[PDB]
>>> print(open('data21.cif').read())   # mmCIF, C-alpha atoms and all ligand atoms
data_final
#
loop_
_atom_site.label_atom_id
_atom_site.label_comp_id
_atom_site.auth_asym_id
_atom_site.auth_seq_id
_atom_site.Cartn_x
_atom_site.Cartn_y
_atom_site.Cartn_z
CA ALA A 11 -75.93 13.61 -47.90
CA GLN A 12 -74.27 16.05 -45.48
CA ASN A 13 -76.18 19.14 -44.31
CA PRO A 14 -79.46 18.16 -45.99
CA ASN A 15 -81.40 21.08 -44.43
CA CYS A 16 -78.83 23.50 -46.04
CA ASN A 17 -77.96 25.28 -42.80
CA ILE A 18 -75.23 27.88 -42.67
CA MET A 19 -72.18 26.15 -41.12
CA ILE A 20 -69.55 27.86 -38.97
CA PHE A 21 -65.96 26.60 -39.00
CA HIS A 22 -63.11 27.07 -36.51
CA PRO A 23 -59.92 25.89 -38.32
CA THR A 24 -56.77 25.45 -36.31
CA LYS A 25 -53.62 27.29 -37.35
CA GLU A 26 -52.42 24.12 -39.03
CA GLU A 27 -55.66 23.73 -40.95
CA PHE A 28 -55.40 27.43 -42.01
CA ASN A 29 -52.35 26.84 -44.16
CA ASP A 30 -53.82 25.30 -47.18
CA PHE A 31 -56.79 27.35 -48.47
CA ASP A 32 -57.92 25.02 -51.26
CA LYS A 33 -57.79 22.01 -48.96
CA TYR A 34 -59.94 23.73 -46.31
CA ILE A 35 -62.63 24.77 -48.86
CA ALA A 36 -62.76 21.16 -49.99
CA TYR A 37 -63.07 20.05 -46.35
CA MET A 38 -65.96 22.43 -45.73
CA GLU A 39 -67.71 21.07 -48.80
CA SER A 40 -67.11 17.46 -47.57
CA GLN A 41 -69.22 18.48 -44.56
CA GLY A 42 -72.02 19.91 -46.77
CA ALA A 43 -71.26 23.60 -46.21
CA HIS A 44 -71.97 24.58 -49.79
CA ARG A 45 -75.51 23.37 -49.59
CA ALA A 46 -76.36 26.57 -47.61
CA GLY A 47 -74.77 28.90 -50.20
CA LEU A 48 -72.77 30.62 -47.41
CA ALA A 49 -70.36 29.56 -44.62
CA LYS A 50 -68.63 31.45 -41.84
CA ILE A 51 -64.92 30.82 -41.05
CA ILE A 52 -63.56 32.08 -37.71
CA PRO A 53 -59.72 32.34 -38.09
CA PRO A 54 -57.47 30.68 -35.46
CA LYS A 55 -56.71 32.91 -32.51
CA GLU A 56 -53.03 33.18 -33.56
CA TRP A 57 -53.90 34.75 -36.92
CA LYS A 58 -54.16 38.35 -37.90
CA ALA A 59 -54.80 40.13 -41.21
CA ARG A 60 -52.44 43.00 -40.39
CA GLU A 61 -50.98 44.64 -37.24
CA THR A 62 -53.35 47.61 -36.94
CA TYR A 63 -55.92 49.64 -38.82
CA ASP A 64 -54.61 52.94 -37.47
CA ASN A 65 -53.23 54.23 -40.76
CA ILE A 66 -56.13 53.71 -43.31
CA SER A 67 -57.73 57.14 -43.25
CA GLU A 68 -56.02 58.42 -46.37
CA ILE A 69 -57.36 55.70 -48.67
CA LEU A 70 -59.55 57.43 -51.28
CA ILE A 71 -63.11 56.49 -52.08
CA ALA A 72 -63.15 58.04 -55.60
CA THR A 73 -66.81 57.42 -56.24
CA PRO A 74 -68.95 56.99 -53.13
CA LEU A 75 -72.39 55.68 -54.03
CA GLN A 76 -75.67 56.98 -52.48
CA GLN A 77 -78.10 54.12 -52.48
CA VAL A 78 -81.57 55.49 -53.24
CA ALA A 79 -84.51 53.11 -52.84
CA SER A 80 -87.88 52.80 -54.65
CA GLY A 81 -90.77 50.52 -53.77
CA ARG A 82 -92.17 49.25 -50.53
CA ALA A 83 -90.32 48.40 -47.33
CA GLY A 84 -89.95 44.71 -48.07
CA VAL A 85 -89.78 44.81 -51.86
CA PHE A 86 -87.65 47.57 -53.34
CA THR A 87 -84.94 48.45 -55.81
CA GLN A 88 -81.98 50.74 -55.26
CA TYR A 89 -80.00 52.90 -57.65
CA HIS A 90 -76.59 54.25 -57.10
CA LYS A 91 -76.05 57.97 -57.32
CA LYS A 92 -72.40 58.95 -57.66
CA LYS A 93 -71.07 61.44 -55.06
CA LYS A 94 -67.88 63.42 -54.89
CA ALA A 95 -64.67 61.71 -53.76
CA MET A 96 -63.79 61.47 -50.16
CA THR A 97 -61.12 59.84 -47.98
CA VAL A 98 -61.86 56.94 -45.63
CA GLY A 99 -61.36 59.38 -42.71
CA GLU A 100 -63.95 61.69 -44.19
CA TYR A 101 -66.33 58.79 -44.87
CA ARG A 102 -65.97 57.46 -41.32
CA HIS A 103 -66.90 60.90 -39.96
CA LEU A 104 -69.92 60.95 -42.26
CA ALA A 105 -70.99 57.43 -41.19
CA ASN A 106 -70.85 58.56 -37.51
CA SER A 107 -72.87 61.72 -38.12
CA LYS A 108 -76.32 62.11 -36.65
CA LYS A 109 -77.87 61.80 -40.16
CA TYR A 110 -76.19 58.41 -40.93
CA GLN A 111 -75.26 56.73 -37.65
CA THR A 112 -76.67 53.44 -36.37
CA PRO A 113 -79.71 54.04 -34.09
CA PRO A 114 -79.94 52.77 -30.61
CA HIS A 115 -80.84 49.13 -30.51
CA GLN A 116 -81.10 46.13 -28.17
CA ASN A 117 -79.42 43.40 -30.17
CA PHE A 118 -78.85 42.33 -33.79
CA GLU A 119 -82.47 41.16 -34.15
CA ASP A 120 -83.86 44.53 -33.07
CA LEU A 121 -81.49 46.27 -35.53
CA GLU A 122 -82.58 43.88 -38.31
CA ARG A 123 -86.24 44.82 -37.58
CA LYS A 124 -85.34 48.48 -37.80
CA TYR A 125 -83.44 47.93 -41.10
CA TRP A 126 -86.41 46.31 -42.81
CA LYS A 127 -88.91 48.77 -41.42
CA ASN A 128 -86.99 51.89 -42.31
CA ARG A 129 -84.34 51.27 -44.97
CA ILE A 130 -86.31 52.73 -47.85
CA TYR A 131 -86.72 56.10 -46.14
CA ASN A 132 -83.02 56.79 -46.12
CA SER A 133 -80.22 56.92 -48.69
CA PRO A 134 -76.93 55.67 -47.13
CA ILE A 135 -73.59 56.18 -48.89
CA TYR A 136 -71.49 53.04 -49.69
CA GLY A 137 -67.73 53.09 -50.56
CA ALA A 138 -67.98 49.92 -52.62
CA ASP A 139 -65.90 48.20 -55.13
CA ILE A 140 -62.46 49.89 -54.51
CA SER A 141 -59.56 47.91 -55.99
CA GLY A 142 -57.00 47.20 -53.26
CA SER A 143 -56.12 45.15 -50.16
CA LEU A 144 -55.66 45.62 -46.44
CA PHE A 145 -53.87 42.33 -45.86
CA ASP A 146 -50.23 42.72 -44.81
CA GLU A 147 -47.94 41.19 -47.38
CA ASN A 148 -46.43 39.09 -44.65
CA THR A 149 -49.81 37.43 -43.82
CA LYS A 150 -49.39 34.08 -45.45
CA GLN A 151 -52.69 32.36 -44.56
CA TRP A 152 -56.02 33.41 -46.11
CA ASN A 153 -54.54 36.53 -47.61
CA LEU A 154 -57.20 37.55 -50.17
CA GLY A 155 -54.53 39.28 -52.33
CA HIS A 156 -52.49 36.00 -52.64
CA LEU A 157 -55.07 33.51 -53.68
CA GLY A 158 -54.70 31.18 -56.75
CA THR A 159 -56.27 33.00 -59.68
CA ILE A 160 -59.45 31.97 -61.49
CA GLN A 161 -57.54 32.12 -64.79
CA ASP A 162 -55.03 29.62 -63.43
CA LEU A 163 -57.84 27.37 -62.17
CA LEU A 164 -59.52 27.36 -65.58
CA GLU A 165 -56.17 26.59 -67.18
CA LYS A 166 -55.44 23.79 -64.75
CA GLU A 167 -58.90 22.21 -65.25
CA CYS A 168 -59.50 22.76 -68.91
CA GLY A 169 -56.02 23.25 -70.41
CA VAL A 170 -56.61 26.62 -72.03
CA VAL A 171 -54.54 29.65 -71.12
CA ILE A 172 -56.51 32.85 -70.94
CA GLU A 173 -55.96 36.58 -70.41
CA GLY A 174 -57.28 38.37 -67.31
CA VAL A 175 -56.51 39.11 -63.74
CA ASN A 176 -58.21 38.56 -60.35
CA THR A 177 -57.67 41.21 -57.59
CA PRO A 178 -59.53 42.06 -54.36
CA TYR A 179 -61.93 44.85 -53.63
CA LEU A 180 -62.51 46.99 -50.55
CA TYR A 181 -65.94 48.00 -49.26
CA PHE A 182 -66.41 50.82 -46.77
CA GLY A 183 -69.96 50.68 -45.29
CA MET A 184 -72.29 52.56 -43.02
CA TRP A 185 -75.62 51.87 -41.36
CA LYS A 186 -78.19 50.66 -43.92
CA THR A 187 -75.75 50.23 -46.80
CA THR A 188 -77.17 47.39 -48.76
CA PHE A 189 -76.05 44.61 -51.07
CA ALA A 190 -78.84 43.46 -53.37
CA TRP A 191 -79.81 39.86 -54.14
CA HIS A 192 -77.22 38.31 -56.46
CA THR A 193 -74.95 35.47 -57.29
CA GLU A 194 -71.36 36.14 -58.27
CA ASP A 195 -70.22 36.80 -61.84
CA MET A 196 -70.18 33.49 -63.68
CA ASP A 197 -71.62 31.92 -60.45
CA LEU A 198 -68.10 32.00 -58.91
CA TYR A 199 -67.36 31.64 -55.22
CA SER A 200 -66.68 34.75 -53.18
CA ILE A 201 -64.77 35.24 -49.96
CA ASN A 202 -65.30 38.29 -47.77
CA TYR A 203 -63.24 39.36 -44.75
CA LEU A 204 -64.68 41.94 -42.37
CA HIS A 205 -61.50 43.90 -41.45
CA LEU A 206 -62.96 46.28 -38.93
CA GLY A 207 -66.00 47.99 -37.54
CA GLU A 208 -69.61 47.09 -37.22
CA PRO A 209 -71.27 43.87 -38.40
CA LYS A 210 -72.71 42.81 -41.73
CA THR A 211 -75.95 40.76 -41.84
CA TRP A 212 -76.30 38.24 -44.67
CA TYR A 213 -79.26 36.41 -46.19
CA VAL A 214 -78.71 33.44 -48.52
CA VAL A 215 -80.74 30.97 -50.60
CA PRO A 216 -79.37 27.41 -50.95
CA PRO A 217 -77.97 26.87 -54.50
CA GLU A 218 -80.38 23.99 -55.06
CA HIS A 219 -83.26 26.45 -54.57
CA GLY A 220 -81.96 29.46 -56.44
CA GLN A 221 -84.52 29.18 -59.21
CA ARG A 222 -87.29 29.62 -56.56
CA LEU A 223 -85.85 32.97 -55.71
CA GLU A 224 -85.60 33.88 -59.41
CA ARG A 225 -89.27 33.02 -59.98
CA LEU A 226 -90.35 35.16 -57.04
CA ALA A 227 -88.17 38.01 -58.25
CA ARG A 228 -89.82 37.88 -61.70
CA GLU A 229 -93.22 38.12 -60.01
CA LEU A 230 -92.21 40.99 -57.71
CA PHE A 231 -90.29 43.02 -60.29
CA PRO A 232 -92.35 42.38 -63.40
CA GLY A 233 -91.09 45.35 -65.54
CA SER A 234 -87.49 44.43 -64.79
CA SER A 235 -88.15 40.84 -65.71
CA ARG A 236 -89.55 41.82 -69.13
CA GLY A 237 -86.48 43.98 -69.69
CA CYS A 238 -83.93 41.23 -69.01
CA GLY A 239 -84.00 37.46 -68.59
CA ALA A 240 -81.30 37.69 -65.85
CA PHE A 241 -82.09 40.99 -64.21
CA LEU A 242 -80.77 39.96 -60.78
CA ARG A 243 -77.35 40.39 -62.48
CA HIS A 244 -78.07 44.11 -62.24
CA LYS A 245 -77.69 43.89 -58.49
CA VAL A 246 -80.51 46.28 -57.59
CA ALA A 247 -83.39 44.21 -56.12
CA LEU A 248 -84.17 43.68 -52.44
CA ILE A 249 -86.71 41.30 -50.91
CA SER A 250 -87.10 41.06 -47.14
CA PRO A 251 -87.02 37.92 -45.04
CA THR A 252 -90.68 38.42 -44.20
CA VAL A 253 -91.60 38.46 -47.88
CA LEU A 254 -89.43 35.44 -48.57
CA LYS A 255 -91.16 33.52 -45.72
CA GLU A 256 -94.62 34.56 -46.99
CA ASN A 257 -93.71 33.11 -50.36
CA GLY A 258 -92.18 29.89 -49.10
CA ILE A 259 -88.61 30.65 -50.32
CA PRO A 260 -85.97 28.67 -48.48
CA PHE A 261 -83.30 30.93 -46.97
CA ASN A 262 -81.01 31.45 -44.00
CA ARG A 263 -79.47 34.43 -42.25
CA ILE A 264 -76.34 35.12 -40.25
CA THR A 265 -74.42 38.11 -38.95
CA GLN A 266 -70.68 38.48 -39.68
CA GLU A 267 -68.52 40.34 -37.19
CA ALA A 268 -65.14 41.96 -37.56
CA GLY A 269 -62.36 39.39 -37.83
CA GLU A 270 -64.54 36.79 -39.56
CA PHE A 271 -64.59 35.39 -43.10
CA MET A 272 -67.67 34.49 -45.11
CA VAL A 273 -67.55 32.28 -48.22
CA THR A 274 -70.34 32.28 -50.75
CA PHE A 275 -70.64 29.18 -52.92
CA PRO A 276 -71.48 28.90 -56.63
CA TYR A 277 -75.05 29.94 -57.38
CA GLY A 278 -75.72 30.90 -53.70
CA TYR A 279 -77.92 33.98 -53.93
CA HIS A 280 -77.12 36.47 -51.16
CA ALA A 281 -78.09 39.93 -49.95
CA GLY A 282 -77.53 41.94 -46.79
CA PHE A 283 -76.74 45.13 -44.99
CA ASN A 284 -74.14 46.82 -42.81
CA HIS A 285 -74.83 47.76 -39.20
CA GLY A 286 -72.60 50.81 -39.08
CA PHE A 287 -69.17 52.01 -40.24
CA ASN A 288 -67.08 49.04 -41.44
CA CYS A 289 -64.55 47.87 -43.95
CA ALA A 290 -64.66 44.53 -45.79
CA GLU A 291 -62.41 43.00 -48.46
CA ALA A 292 -63.72 40.46 -50.96
CA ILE A 293 -62.63 38.59 -54.04
CA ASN A 294 -63.98 35.90 -56.35
CA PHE A 295 -62.31 32.50 -56.62
CA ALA A 296 -62.86 29.15 -58.27
CA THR A 297 -62.34 25.47 -57.52
CA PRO A 298 -62.79 22.43 -59.75
CA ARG A 299 -66.36 22.10 -58.62
CA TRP A 300 -67.16 25.60 -59.95
CA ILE A 301 -66.53 24.72 -63.59
CA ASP A 302 -69.95 23.13 -64.09
CA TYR A 303 -71.64 26.16 -62.54
CA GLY A 304 -69.69 28.50 -64.73
CA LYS A 305 -70.85 26.65 -67.82
CA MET A 306 -74.49 27.00 -66.78
CA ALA A 307 -74.44 30.56 -65.34
CA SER A 308 -77.08 32.95 -66.59
CA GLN A 309 -76.12 35.95 -68.24
CA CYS A 310 -77.42 39.55 -68.66
CA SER A 311 -77.06 40.71 -72.28
CA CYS A 312 -79.40 43.82 -72.02
CA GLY A 313 -76.53 46.03 -71.25
CA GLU A 314 -77.20 46.82 -67.69
CA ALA A 315 -74.84 44.43 -65.86
CA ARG A 316 -71.51 45.64 -67.34
CA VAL A 317 -68.57 43.77 -65.71
CA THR A 318 -64.83 43.39 -65.67
CA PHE A 319 -62.45 42.64 -68.43
CA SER A 320 -61.72 39.17 -67.10
CA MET A 321 -65.26 37.86 -67.53
CA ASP A 322 -64.81 37.91 -71.31
CA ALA A 323 -62.63 34.83 -71.36
CA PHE A 324 -64.89 32.96 -68.98
CA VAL A 325 -67.88 33.44 -71.27
CA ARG A 326 -65.83 32.83 -74.40
CA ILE A 327 -64.45 29.49 -73.24
CA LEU A 328 -67.23 28.16 -71.02
CA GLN A 329 -70.26 29.53 -72.90
CA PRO A 330 -69.28 29.92 -76.56
CA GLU A 331 -72.92 29.82 -77.79
CA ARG A 332 -73.79 32.79 -75.54
CA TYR A 333 -70.61 34.72 -76.25
CA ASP A 334 -71.69 36.89 -79.20
CA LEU A 335 -74.91 38.08 -77.52
CA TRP A 336 -73.28 38.69 -74.15
CA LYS A 337 -70.39 40.65 -75.71
CA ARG A 338 -72.90 42.89 -77.55
CA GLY A 339 -74.35 43.69 -74.07
CA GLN A 340 -70.84 44.63 -72.95
CA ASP A 341 -70.48 47.02 -76.01
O1 LIG B 401 -70.06 43.23 -48.67
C1 LIG B 401 -70.78 43.57 -49.68
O2 LIG B 401 -71.32 44.72 -49.91
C2 LIG B 401 -71.12 42.62 -50.77
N1 LIG B 401 -70.25 41.41 -50.75
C3 LIG B 401 -70.53 40.33 -51.43
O3 LIG B 401 -71.57 40.22 -52.17
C4 LIG B 401 -69.58 39.19 -51.42
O4 LIG B 401 -68.59 39.23 -50.67
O5 LIG B 401 -69.85 38.30 -52.24
MG MG B 402 -54.26 55.82 -45.34
NI NI B 403 -71.49 38.70 -53.52
ZN ZN B 404 -79.83 42.79 -68.01
#
>>> encode(input="data21.cif", output="structure tokens")
Amino acid sequence: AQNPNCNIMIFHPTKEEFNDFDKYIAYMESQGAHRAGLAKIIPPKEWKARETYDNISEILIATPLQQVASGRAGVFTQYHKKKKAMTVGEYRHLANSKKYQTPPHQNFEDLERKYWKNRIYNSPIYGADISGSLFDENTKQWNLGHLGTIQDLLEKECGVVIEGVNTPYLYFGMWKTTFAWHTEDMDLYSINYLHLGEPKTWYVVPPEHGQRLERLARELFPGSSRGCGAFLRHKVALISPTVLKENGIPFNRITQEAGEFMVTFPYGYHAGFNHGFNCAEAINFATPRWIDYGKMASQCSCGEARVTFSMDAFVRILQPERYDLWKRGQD
């Protein structure tokens, strides 16, 4: 078995190997990359996502989210308070302000220490989940707006045509902006490109050990667990690496820098934080190997998780027994 310790693997494809996206995901899996739940892909030196980022300031962040924490430094939840709209140029200025800017630090490990010590005492503002793309239309390789759709994959594998669409999302971050522990909708893959700015630190649990994280989460968030049998679908719970290590949960960590892709694999729980002002683009995708994960994915039906239009078909076709209850939670 390849990669039996479930380490995060880093790949350096050549420009020739960068042509065929599906083929390269399958290659990475042949080497055991999925066992980690996360892989890094460094693009060939010839590649670029677009020519410059000099003209992005007028993008609108319609609903910036202030991420307010509750709990203790290593075990906390966050809620999202909606703020008034602002442009990316306005948000960048805010991120660089004395109130929100990255503190002085020695290296990524010192900054990680500072994040876990101090995150809860601040409420950073995240420009998350903005439909759109920063890839140039002429970028033909690993263009996250030109991927094969999940609806087409399900139709190719299973023979059933379904409604729905699959488009990318932009994320504008600042110091301490946080992504809570989660897997993707329907335990899909994700791919995330860090277009510009400061790094993003990731934590990930191997897919084979995801249920260990779920059991710890039920223990640490006992009210939430009584409320919902899949409450990590709410995307609000944080657990620090120190707490994971104290509880014997297998995990890994890595820092993504601008110009790098990350892929999350089906049922790979992940969480993390931004180091400072940045912009990422991400989208879900599927492969044939996903189908079995999609069939087994947990679902939130309590009403909290509320998701896209396109998840309806995935539940309806892959999980017909669960459909009626899940749809009630959507309505
Ligand atoms: O970058 C973020 O805030 C969160 N991204 C992801 O969870 C992802 O790409 O799957
Ligand atoms: Mg602009
Ligand atoms: Ni994710
Ligand atoms: Zn729920």
>>> closest_residue(input="data21.cif", among="A:56, A:208, A:27, A:32", to="residue A:265", atoms="only C-alpha atoms")
A:208
>>> closest_atom_pairs(input="data21.cif", of="chain A", to="ligand ZN 404 (chain B)", cutoff="9 Å", atoms="all atoms listed in the file", output="Markdown table")
| residue | atom | partner | partner_atom | distance |
| --- | --- | --- | --- | --- |
| A:234 | CA | B:ZN404 | ZN | 8.5 |
| A:235 | CA | B:ZN404 | ZN | 8.8 |
| A:237 | CA | B:ZN404 | ZN | 7.0 |
| A:238 | CA | B:ZN404 | ZN | 4.5 |
| A:239 | CA | B:ZN404 | ZN | 6.8 |
| A:240 | CA | B:ZN404 | ZN | 5.7 |
| A:241 | CA | B:ZN404 | ZN | 4.8 |
| A:242 | CA | B:ZN404 | ZN | 7.8 |
| A:243 | CA | B:ZN404 | ZN | 6.5 |
| A:244 | CA | B:ZN404 | ZN | 6.2 |
| A:309 | CA | B:ZN404 | ZN | 7.8 |
| A:310 | CA | B:ZN404 | ZN | 4.1 |
| A:311 | CA | B:ZN404 | ZN | 5.5 |
| A:312 | CA | B:ZN404 | ZN | 4.2 |
| A:313 | CA | B:ZN404 | ZN | 5.6 |
| A:314 | CA | B:ZN404 | ZN | 4.8 |
| A:315 | CA | B:ZN404 | ZN | 5.7 |
| A:316 | CA | B:ZN404 | ZN | 8.8 |
| A:339 | CA | B:ZN404 | ZN | 8.2 |
>>> write_last_selection(input="data21.cif", atoms="C-alpha atoms", output="mmCIF file, keeping the file's coordinate frame")
data_model
loop_
_atom_site.group_PDB
_atom_site.id
_atom_site.type_symbol
_atom_site.label_atom_id
_atom_site.label_comp_id
_atom_site.auth_asym_id
_atom_site.auth_seq_id
_atom_site.Cartn_x
_atom_site.Cartn_y
_atom_site.Cartn_z
ATOM 1 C CA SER A 234 -87.490 44.430 -64.790
ATOM 2 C CA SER A 235 -88.150 40.840 -65.710
ATOM 3 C CA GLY A 237 -86.480 43.980 -69.690
ATOM 4 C CA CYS A 238 -83.930 41.230 -69.010
ATOM 5 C CA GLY A 239 -84.000 37.460 -68.590
ATOM 6 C CA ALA A 240 -81.300 37.690 -65.850
ATOM 7 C CA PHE A 241 -82.090 40.990 -64.210
ATOM 8 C CA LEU A 242 -80.770 39.960 -60.780
ATOM 9 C CA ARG A 243 -77.350 40.390 -62.480
ATOM 10 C CA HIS A 244 -78.070 44.110 -62.240
ATOM 11 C CA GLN A 309 -76.120 35.950 -68.240
ATOM 12 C CA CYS A 310 -77.420 39.550 -68.660
ATOM 13 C CA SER A 311 -77.060 40.710 -72.280
ATOM 14 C CA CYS A 312 -79.400 43.820 -72.020
ATOM 15 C CA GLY A 313 -76.530 46.030 -71.250
ATOM 16 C CA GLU A 314 -77.200 46.820 -67.690
ATOM 17 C CA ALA A 315 -74.840 44.430 -65.860
ATOM 18 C CA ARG A 316 -71.510 45.640 -67.340
ATOM 19 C CA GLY A 339 -74.350 43.690 -74.070
#
>>> atom_distance(input="data21.cif", atom1="atom CA of residue A:148", atom2="atom CA of residue A:53")
16.3 Å
>>> closest_residue(input="data21.cif", among="A:193, A:320, A:116, A:151", to="ligand NI 403 (chain B)", atoms="all atoms listed in the file")
A:193
>>> residues_around(input="data21.cif", residues="residue A:212", least_positions_apart="5", cutoff="6 Å", atoms="all atoms listed in the file", output="PyMOL selection string")
chain A and resi 263-264+281-282
>>> atom_distance(input="data21.cif", atom1="atom CA of residue A:196", atom2="atom CA of residue A:72")
26.8 Å
>>> closest_atom_pairs(input="data21.cif", of="chain A", to="ligand LIG 401 (chain B)", cutoff="6 Å", atoms="all atoms listed in the file", output="Markdown table")
| residue | atom | partner | partner_atom | distance |
| --- | --- | --- | --- | --- |
| A:189 | CA | B:LIG401 | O2 | 4.9 |
| A:200 | CA | B:LIG401 | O5 | 4.9 |
| A:201 | CA | B:LIG401 | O4 | 5.6 |
| A:202 | CA | B:LIG401 | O4 | 4.5 |
| A:292 | CA | B:LIG401 | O4 | 5.0 |
>>> residues_near_ligand(input="data21.cif", ligand="ligand MG 402 (chain B)", cutoff="12 Å", atoms="only C-alpha atoms and all ligand atoms", output="number ranges by chain")
A: 62-71, 97-100, 143-144
>>> residues_near_point(input="data21.cif", point="(-67.8, 61.6, -50.9)", cutoff="10 Å", atoms="all atoms listed in the file", output="tab-separated table (two decimals) with C-alpha atoms, in the coordinates of the input")
chain	number	residue	atom	x	y	z
A	70	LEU	CA	-59.55	57.43	-51.28
A	71	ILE	CA	-63.11	56.49	-52.08
A	72	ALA	CA	-63.15	58.04	-55.60
A	73	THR	CA	-66.81	57.42	-56.24
A	74	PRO	CA	-68.95	56.99	-53.13
A	75	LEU	CA	-72.39	55.68	-54.03
A	76	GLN	CA	-75.67	56.98	-52.48
A	92	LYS	CA	-72.40	58.95	-57.66
A	93	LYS	CA	-71.07	61.44	-55.06
A	94	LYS	CA	-67.88	63.42	-54.89
A	95	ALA	CA	-64.67	61.71	-53.76
A	96	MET	CA	-63.79	61.47	-50.16
A	97	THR	CA	-61.12	59.84	-47.98
A	98	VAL	CA	-61.86	56.94	-45.63
A	100	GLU	CA	-63.95	61.69	-44.19
A	101	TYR	CA	-66.33	58.79	-44.87
A	104	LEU	CA	-69.92	60.95	-42.26
A	135	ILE	CA	-73.59	56.18	-48.89
A	136	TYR	CA	-71.49	53.04	-49.69
A	137	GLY	CA	-67.73	53.09	-50.56
>>> closest_residue(input="data21.cif", among="A:232, A:47, A:174, A:23", to="ligand NI 403 (chain B)", atoms="all atoms listed in the file")
A:47
>>> closest_residue(input="data21.cif", among="A:270, A:16, A:230, A:199", to="ligand NI 403 (chain B)", atoms="all atoms listed in the file")
A:199
>>> closest_residue(input="data21.cif", among="A:54, A:84, A:278, A:158", to="ligand NI 403 (chain B)", atoms="all atoms listed in the file")
A:278
>>> axis_aligned_box(input="data21.cif", around="stretch 113-122 of chain A", padding_each_side="6 Å", output="lines of an AutoDock Vina configuration file")
center_x = -81.4
center_y = 47.6
center_z = -33.2
size_x = 17.0
size_y = 24.9
size_z = 22.1
>>> residues_around(input="data21.cif", residues="residue A:21", least_positions_apart="5", cutoff="10 Å", atoms="only C-alpha atoms", output="JSON, numbers by chain")
{"A": [34, 38, 43, 49, 50, 51, 52, 53, 271]}
>>> closest_residue(input="data21.cif", among="A:85, A:163, A:317, A:214", to="ligand NI 403 (chain B)", atoms="only C-alpha atoms and all ligand atoms")
A:214
>>> atom_distance(input="data21.cif", atom1="atom CA of residue A:259", atom2="atom CA of residue A:225")
10.0 Å
>>> residues_around(input="data21.cif", residues="residue A:142", least_positions_apart="6", cutoff="7 Å", atoms="only C-alpha atoms", output="PyMOL selection string")
chain A and resi 178-180
>>> write_last_selection(input="data21.cif", atoms="C-alpha atoms", output="tab-separated table (two decimals), in the frame of the given file")
chain	number	residue	atom	x	y	z
A	178	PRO	CA	-59.53	42.06	-54.36
A	179	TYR	CA	-61.93	44.85	-53.63
A	180	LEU	CA	-62.51	46.99	-50.55
>>> residues_around(input="data21.cif", residues="residue A:209", least_positions_apart="2", cutoff="12 Å", atoms="only C-alpha atoms", output="ChimeraX atom specification")
/A:112,117-118,121-122,182-187,203-207,211-212,264-271,282-290
>>> write_last_selection(input="data21.cif", atoms="C-alpha atoms", output="tab-separated table (two decimals), keeping the file's coordinate frame")
chain	number	residue	atom	x	y	z
A	112	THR	CA	-76.67	53.44	-36.37
A	117	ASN	CA	-79.42	43.40	-30.17
A	118	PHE	CA	-78.85	42.33	-33.79
A	121	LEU	CA	-81.49	46.27	-35.53
A	122	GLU	CA	-82.58	43.88	-38.31
A	182	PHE	CA	-66.41	50.82	-46.77
A	183	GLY	CA	-69.96	50.68	-45.29
A	184	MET	CA	-72.29	52.56	-43.02
A	185	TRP	CA	-75.62	51.87	-41.36
A	186	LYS	CA	-78.19	50.66	-43.92
A	187	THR	CA	-75.75	50.23	-46.80
A	203	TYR	CA	-63.24	39.36	-44.75
A	204	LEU	CA	-64.68	41.94	-42.37
A	205	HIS	CA	-61.50	43.90	-41.45
A	206	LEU	CA	-62.96	46.28	-38.93
A	207	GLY	CA	-66.00	47.99	-37.54
A	211	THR	CA	-75.95	40.76	-41.84
A	212	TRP	CA	-76.30	38.24	-44.67
A	264	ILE	CA	-76.34	35.12	-40.25
A	265	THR	CA	-74.42	38.11	-38.95
A	266	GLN	CA	-70.68	38.48	-39.68
A	267	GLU	CA	-68.52	40.34	-37.19
A	268	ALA	CA	-65.14	41.96	-37.56
A	269	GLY	CA	-62.36	39.39	-37.83
A	270	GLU	CA	-64.54	36.79	-39.56
A	271	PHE	CA	-64.59	35.39	-43.10
A	282	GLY	CA	-77.53	41.94	-46.79
A	283	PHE	CA	-76.74	45.13	-44.99
A	284	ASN	CA	-74.14	46.82	-42.81
A	285	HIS	CA	-74.83	47.76	-39.20
A	286	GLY	CA	-72.60	50.81	-39.08
A	287	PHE	CA	-69.17	52.01	-40.24
A	288	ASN	CA	-67.08	49.04	-41.44
A	289	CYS	CA	-64.55	47.87	-43.95
A	290	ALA	CA	-64.66	44.53	-45.79
